[PDB]
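This report concerns only the one structure given below.
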Amino acid sequence: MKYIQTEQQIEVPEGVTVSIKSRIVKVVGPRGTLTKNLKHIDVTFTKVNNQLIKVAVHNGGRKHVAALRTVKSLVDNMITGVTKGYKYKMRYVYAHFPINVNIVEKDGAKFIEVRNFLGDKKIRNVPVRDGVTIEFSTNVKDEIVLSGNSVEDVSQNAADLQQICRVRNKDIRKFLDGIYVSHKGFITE
Amino acid sequence: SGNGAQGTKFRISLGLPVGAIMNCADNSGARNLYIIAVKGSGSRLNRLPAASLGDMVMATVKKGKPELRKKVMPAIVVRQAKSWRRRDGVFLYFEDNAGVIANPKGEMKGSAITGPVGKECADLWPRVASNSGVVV
Amino acid sequence: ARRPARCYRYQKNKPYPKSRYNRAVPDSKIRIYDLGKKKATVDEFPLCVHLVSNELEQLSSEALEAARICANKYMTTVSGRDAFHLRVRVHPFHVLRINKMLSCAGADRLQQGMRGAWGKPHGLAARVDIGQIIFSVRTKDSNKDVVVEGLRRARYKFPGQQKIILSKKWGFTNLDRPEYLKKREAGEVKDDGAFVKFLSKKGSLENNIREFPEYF
Amino acid sequence: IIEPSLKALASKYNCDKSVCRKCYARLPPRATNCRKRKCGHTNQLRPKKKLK
RNA sequence: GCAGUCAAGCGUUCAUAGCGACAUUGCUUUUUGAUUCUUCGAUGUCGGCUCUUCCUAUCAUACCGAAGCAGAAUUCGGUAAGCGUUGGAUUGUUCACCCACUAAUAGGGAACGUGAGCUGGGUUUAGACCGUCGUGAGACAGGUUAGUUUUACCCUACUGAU
Ligand SMILES: [Zn+2]
């Protein structure tokens, strides 16, 4: 039933600093600074070393032990986007009507717009999330490479363009037009 | 509703409801046009649907040329006698209710139209405008 | 009119079969209570599985027929007719009656109400108690993965919870497997038509030498 | 133009899916139970019929 | 009437896009029963008009999923009762049935909503005719005509007013 002890270990890379007090994880490193708040989990961190953090739990059930290894992976995605970073290559697919994507800075921030998506006359606004720079691949005419130091604000922004460029009232297996993600790489690789 | 109408017409005072009878204007042998319903015609309980100047009504012939009697045909009304307001201010009304037989697509079955034809009708259907002697 | 099966599910009234006092009874919807390799010896099929019941209620005649069909259009398609001995164990012997009052039912404009409520027979039923084999299937041991599935498909055609139990007896007999090994080692047991005849140590002596030539 | 690798990419989100038989909900291709509480996480699934 | 269950077979291929035979478990109370608990010092018994509100088992509209969904067109399914769901010929009709419009002409409750609100066409007194039945008086959930619709000023409710 309730497992008496369940531990995981977060290997902390070189040059990377981690600051934890009352389940708030501030990570600084060679590029970027990430602060994720974890008050919703009963989890005890402990500094067993300067190179690796032990994360443990006590008397947890199957529900709670399952929500322990999701904590190690969330810190591991924090330090990985802080050492290397994250970049998402996205790709334009269209049958006839070309998609024309730009970047505009309106009153608030860098809205992303698409125009002529399947011949449509309505622009499709989608804001950037901050910490994410927006990049176009110059060599390939139909490509877009999102990038940033958090995997969350990139991938939510990468799924934002997938959600906004959908089809309506047609066969999706015939009308396979849209802006899909193909590659989820790191920045320094 | 009015399939084949070119653009939009405004609100003209509904002067001739169902059961009305218009003297047919064209020379296609009909004389009366007993309105049985109108294209348009929103639904409210015990309200019988009414037609105005320029609507397409569905009408049966009650007098003349037995080729056309005893069946249903669409008709375009070209004169009404209920005084309606033009948006430039003036109120006006013709001296008889009158209607012109047509198909659904607006092709008037006749060849010409006697009497005057209201501007609100002649502007809406092109083939009642290419057959009208006097546009008011 | 086919009145639903939840109307004649429980055992409310006492048994009432066809008799000399029940001359006008229609027949059942079952006519063949045994299909498969009916002309098979006891020796070829050493495994028997039982489809027993968990409650005390009545089994309809067309219900058992439709489940007899469903078990038999499974094992004949995935294992063929040769490799099962299906034997429907329970017989529809009860008679279910119905109180008809239809708008032209034997009588005048209005038939009656609950006056003279005795009803003419319309259907048969098969009474099954708590633990009573319904579908005994005899086949080989290594072909048992079909009859677990095949009688699982028969379970959905009649109400109640019905267990699928395998039996340690040598097929359709009433004695275990290790007894039948020693009774096949020694020649004590002699093959009948689709059953088998056992040794009677009690009896006339010469009839136990007129029979059993292999023993002694 | 086609770029037939991109049609393999576009099928990952539209054609390489599975549908539940009870609630008709679109599901992963490697599903085992439906992710809803209306069918009841049923284990009666089906693949998505493709084109032609 | 409304659904669930298992799947032989239909769908030229293909048990389930859609159906589904043989069987089986249910729900609903808008049908019809069956019963006789309440009402015989009377609860005004059909239908229509008027009017409000509620239900979801969704006809339309909104946003979605699914297919023998290329588009159009059409079918199936989910959240959803917010909002709409008509004009007429015939019949006393509920019901039916056509004509026509419409986005659509969905199904039901509320003492089979609603008569000190109406109407009285129907049925259900007395007049009278016909048909059959009866020797006869008379009979007929058979046909056809003519047949008085009473009271609120009290309490509550509601609408306004001090
Ligand atoms: Zn599902």
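The chains in the structure tokens are called A, B, ... from first to last as shown; in each chain the residues are counted from 1, and the ligands are counted from 1 in the order shown.
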
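Omitting residue B:40 and its sequence neighbours fewer than 2 positions away, and counting only C-alpha atoms (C1' of nucleotides), the residues within 7 Å are residues 1, 38 and 42 of chain B.
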
I need the chosen residues saved as a tab-separated table (two decimals), in the first residue's frame, with N, CA, C and O atoms.
```
chain	number	residue	atom	x	y	z
B	1	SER	N	-35.14	33.19	-49.57
B	1	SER	CA	-36.47	33.76	-49.74
B	1	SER	C	-36.67	34.23	-51.19
B	1	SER	O	-37.15	33.47	-52.04
B	38	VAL	N	-46.09	34.06	-49.03
B	38	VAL	CA	-45.01	34.95	-49.45
B	38	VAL	C	-43.68	34.29	-49.15
B	38	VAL	O	-43.54	33.56	-48.16
B	42	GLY	N	-41.82	35.37	-41.75
B	42	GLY	CA	-41.51	34.87	-40.43
B	42	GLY	C	-42.73	34.34	-39.69
B	42	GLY	O	-43.87	34.66	-40.00
```

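Near residue E:142, within 12 Å and counting only C-alpha atoms (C1' of nucleotides), sit residues 130, 131 and 132 of chain E; same-chain residues fewer than 4 positions away were not included.
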
Print the selection's residues with C-alpha atoms (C1' of nucleotides) to a file, as a PDB file, in the first residue's frame.
```pdb
ATOM      1  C1'   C E 130     -84.916   6.867 -40.529  1.00  0.00           C
ATOM      2  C1'   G E 131     -82.632   1.932 -40.372  1.00  0.00           C
ATOM      3  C1'   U E 132     -82.395  -2.801 -37.921  1.00  0.00           C
TER       4        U E 132
END
```

If you count only C-alpha atoms (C1' of nucleotides), which residues fall within 10 Å of residue B:28, apart from same-chain ones fewer than 6 positions away, as a PyMOL selection string?
-> chain B and resi 64-65+68+100-101+108-113

Could you take the residues named above and write them with N, CA, C and O atoms, as a PDB file, in the first residue's frame?
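Writing done, so here's result_26.pdb:
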```pdb
ATOM      1  N   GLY B  64     -58.997  33.725 -66.220  1.00  0.00           N
ATOM      2  CA  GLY B  64     -58.496  33.922 -67.569  1.00  0.00           C
ATOM      3  C   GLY B  64     -57.383  32.991 -67.990  1.00  0.00           C
ATOM      4  O   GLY B  64     -56.525  32.668 -67.166  1.00  0.00           O
ATOM      5  N   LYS B  65     -57.378  32.585 -69.278  1.00  0.00           N
ATOM      6  CA  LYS B  65     -56.408  31.686 -69.903  1.00  0.00           C
ATOM      7  C   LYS B  65     -56.290  30.389 -69.111  1.00  0.00           C
ATOM      8  O   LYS B  65     -55.408  30.271 -68.253  1.00  0.00           O
ATOM      9  N   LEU B  68     -53.221  28.483 -67.453  1.00  0.00           N
ATOM     10  CA  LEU B  68     -52.512  28.921 -66.258  1.00  0.00           C
ATOM     11  C   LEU B  68     -53.305  28.756 -64.976  1.00  0.00           C
ATOM     12  O   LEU B  68     -52.729  28.859 -63.892  1.00  0.00           O
ATOM     13  N   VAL B 100     -46.927  40.493 -61.073  1.00  0.00           N
ATOM     14  CA  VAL B 100     -46.374  39.988 -62.318  1.00  0.00           C
ATOM     15  C   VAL B 100     -45.903  38.564 -62.087  1.00  0.00           C
ATOM     16  O   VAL B 100     -45.151  38.305 -61.143  1.00  0.00           O
ATOM     17  N   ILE B 101     -46.346  37.638 -62.939  1.00  0.00           N
ATOM     18  CA  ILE B 101     -45.999  36.230 -62.791  1.00  0.00           C
ATOM     19  C   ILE B 101     -44.542  36.042 -63.187  1.00  0.00           C
ATOM     20  O   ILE B 101     -44.023  36.744 -64.057  1.00  0.00           O
ATOM     21  N   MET B 108     -39.513  36.766 -65.700  1.00  0.00           N
ATOM     22  CA  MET B 108     -40.929  37.073 -65.821  1.00  0.00           C
ATOM     23  C   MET B 108     -41.527  36.354 -67.023  1.00  0.00           C
ATOM     24  O   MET B 108     -40.959  36.372 -68.116  1.00  0.00           O
ATOM     25  N   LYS B 109     -42.670  35.697 -66.799  1.00  0.00           N
ATOM     26  CA  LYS B 109     -43.267  34.844 -67.821  1.00  0.00           C
ATOM     27  C   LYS B 109     -43.852  35.646 -68.971  1.00  0.00           C
ATOM     28  O   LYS B 109     -43.985  35.123 -70.081  1.00  0.00           O
ATOM     29  N   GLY B 110     -44.203  36.901 -68.740  1.00  0.00           N
ATOM     30  CA  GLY B 110     -44.857  37.710 -69.748  1.00  0.00           C
ATOM     31  C   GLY B 110     -43.906  38.272 -70.779  1.00  0.00           C
ATOM     32  O   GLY B 110     -42.831  37.724 -71.043  1.00  0.00           O
ATOM     33  N   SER B 111     -44.311  39.357 -71.384  1.00  0.00           N
ATOM     34  CA  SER B 111     -43.499  40.042 -72.378  1.00  0.00           C
ATOM     35  C   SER B 111     -43.360  41.526 -72.098  1.00  0.00           C
ATOM     36  O   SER B 111     -42.327  42.112 -72.418  1.00  0.00           O
ATOM     37  N   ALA B 112     -44.380  42.150 -71.523  1.00  0.00           N
ATOM     38  CA  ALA B 112     -44.332  43.556 -71.158  1.00  0.00           C
ATOM     39  C   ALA B 112     -45.258  43.762 -69.967  1.00  0.00           C
ATOM     40  O   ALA B 112     -45.977  42.854 -69.551  1.00  0.00           O
ATOM     41  N   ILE B 113     -45.230  44.971 -69.415  1.00  0.00           N
ATOM     42  CA  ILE B 113     -45.957  45.301 -68.198  1.00  0.00           C
ATOM     43  C   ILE B 113     -46.704  46.603 -68.428  1.00  0.00           C
ATOM     44  O   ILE B 113     -46.109  47.618 -68.798  1.00  0.00           O
TER      45      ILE B 113
END
```

Interatomic distance, atom CA of residue A:135 to atom CA of residue A:168 (Å, one decimal) | 28.3 Å

Distance cut-off 6 Å, counting only C-alpha atoms (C1' of nucleotides) - which residues of chain C neighbour chain E? Return them as a PDB file with N, CA and C atoms, in the first residue's frame.
```
ATOM      1  N   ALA C  63     -34.228 -19.377 -25.094  1.00  0.00           N
ATOM      2  CA  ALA C  63     -32.985 -18.840 -24.561  1.00  0.00           C
ATOM      3  C   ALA C  63     -31.878 -19.877 -24.641  1.00  0.00           C
ATOM      4  N   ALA C  66     -30.913 -20.408 -28.329  1.00  0.00           N
ATOM      5  CA  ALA C  66     -30.065 -19.362 -28.895  1.00  0.00           C
ATOM      6  C   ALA C  66     -28.653 -19.414 -28.344  1.00  0.00           C
ATOM      7  N   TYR C 156     -23.816 -14.774 -22.471  1.00  0.00           N
ATOM      8  CA  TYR C 156     -24.560 -13.549 -22.725  1.00  0.00           C
ATOM      9  C   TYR C 156     -25.925 -13.780 -23.344  1.00  0.00           C
ATOM     10  N   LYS C 157     -26.413 -15.015 -23.390  1.00  0.00           N
ATOM     11  CA  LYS C 157     -27.688 -15.296 -24.030  1.00  0.00           C
ATOM     12  C   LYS C 157     -28.753 -15.790 -23.062  1.00  0.00           C
ATOM     13  N   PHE C 158     -28.456 -15.864 -21.771  1.00  0.00           N
ATOM     14  CA  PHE C 158     -29.470 -16.181 -20.777  1.00  0.00           C
ATOM     15  C   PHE C 158     -29.109 -15.486 -19.472  1.00  0.00           C
TER      16      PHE C 158
END
```

Within 8 Å of chain E, which residues of chain A show up when using only C-alpha atoms (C1' of nucleotides), listed as number ranges by chain?
-> A: 170-171, 174

Those residues you just picked out, can you put them in a file as a PDB file, in the first residue's frame with N, CA, C and O atoms?
```pdb
ATOM      1  N   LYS A 170     -14.331  20.275 -43.333  1.00  0.00           N
ATOM      2  CA  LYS A 170     -13.733  19.598 -44.469  1.00  0.00           C
ATOM      3  C   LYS A 170     -13.051  18.341 -43.965  1.00  0.00           C
ATOM      4  O   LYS A 170     -12.834  18.169 -42.765  1.00  0.00           O
ATOM      5  N   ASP A 171     -12.721  17.452 -44.895  1.00  0.00           N
ATOM      6  CA  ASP A 171     -12.054  16.203 -44.553  1.00  0.00           C
ATOM      7  C   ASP A 171     -10.606  16.508 -44.210  1.00  0.00           C
ATOM      8  O   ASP A 171      -9.845  16.978 -45.061  1.00  0.00           O
ATOM      9  N   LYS A 174      -7.998  14.729 -46.320  1.00  0.00           N
ATOM     10  CA  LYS A 174      -7.764  15.325 -47.627  1.00  0.00           C
ATOM     11  C   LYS A 174      -7.115  16.696 -47.485  1.00  0.00           C
ATOM     12  O   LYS A 174      -6.062  16.959 -48.072  1.00  0.00           O
TER      13      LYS A 174
END
```

Please, which residues of chain D lie no more than 8 Å from chain E when the count uses only C-alpha atoms (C1' of nucleotides), and can they be set out as a ChimeraX atom specification?
-> /D:23-26

Surrounding residues as a ChimeraX atom specification, ligand 1, max 12 Å, only C-alpha atoms (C1' of nucleotides) and all ligand atoms = /D:18-28,31-46 /E:65,77-78

Test item: residues at most 12 Å from residue E:141, only C-alpha atoms (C1' of nucleotides), excluding those fewer than 4 positions along its chain, as a count of residues only | 3
